[PDB]
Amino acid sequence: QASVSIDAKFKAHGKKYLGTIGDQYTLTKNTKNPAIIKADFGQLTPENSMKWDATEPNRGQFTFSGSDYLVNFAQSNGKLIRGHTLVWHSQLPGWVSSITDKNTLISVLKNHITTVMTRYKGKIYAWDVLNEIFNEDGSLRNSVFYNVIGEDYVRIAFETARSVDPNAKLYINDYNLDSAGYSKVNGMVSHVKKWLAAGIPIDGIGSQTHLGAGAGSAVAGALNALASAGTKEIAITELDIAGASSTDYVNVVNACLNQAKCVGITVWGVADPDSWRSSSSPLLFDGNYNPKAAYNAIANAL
């Protein structure tokens, strides 16, 4: 645990949180990891336990052991929770992707959303209802949901989420929304504008922000461009930067800090060894679970 909590300093600027991720393994693999989460971060996103493959492995048969643990740990330690993720083409069981009947897929989609959200009703700050539904050019990704149901799946997912838990902020999450003018950014903005005008309950846009070295400075503009979609809020949901330079990290923190709609930042992991991009040392804590330079840089910028 770093003596200075970046979550605390971020919150002092009016932001809701500066969080990270977790699940049973990383929360128990050693003493430093859970200790860092409790001391320096104010929000948690389950790294894998709430995804479709881990929650409904067989049609109508749910497995909530992992998700229960993450939710319980967060709730037991005053950490906000971002549910992740309800509808996604990746980490999706074969039984779902093989469905070809529209009404059958809609029923399945609604039952999944309903069961997962009802189990944690009122405990979730934000749900990534839809994840990565756009192609790089801004068009809609041809996942089984898009192919079988069509564009109406967007409305169905959000409306169902809204009715099941009206207390949760409903998000559409995606990666590569990292610089203004990028095709995917333009596609995210125009579609959301349309969906909001049609009455679809989309509360926020989540920008994963998985960056390469030097890409930090373009994030501010990307967030400004996303703010034009018209959602109530936006958030950096899965931050990690190859090389973890202070310049990059401070640039990203300031990007959110200086944009009114940005409610928080979630770093995709605590320490480098546990990163899904470990070879690039993209996180705030090192192999010894000690604060890296970027962590201190972030603290001193706040």
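So that there is no doubt, residue numbering starts at 1 and follows the sequence shown.
- Of the two stretches examined, 138-146 and 201-209, the record assigns the greater average C-alpha temperature factor to 138-146.
- Higher mean CA temperature factor between 235-243 and 270-278: 270-278, per the PDB entry.
- Each of 46, 264, 60, 42 has a CA temperature factor in the record; the biggest one is found at 60.
- Note on 114, 190, 163, 131: the highest value goes to 163, judged by CA B factor as recorded.
- Ranked within its chain, residue 122 lands in the middle third, by CA B factor from the PDB record.
- Among the modelled residues of the chain, residue 18 sits in the lowest third by CA temperature factor in this PDB entry.
- When all modelled residues of the chain are sorted by CA temperature factor, residue 184 is found within the middle third.
- Ranked against the other modelled residues of its chain, the C-alpha B-factor of residue 30 as given in the entry falls in the highest third.
- The PDB entry assigns residue 248 a C-alpha temperature factor belonging to the highest third of its chain's modelled residues.
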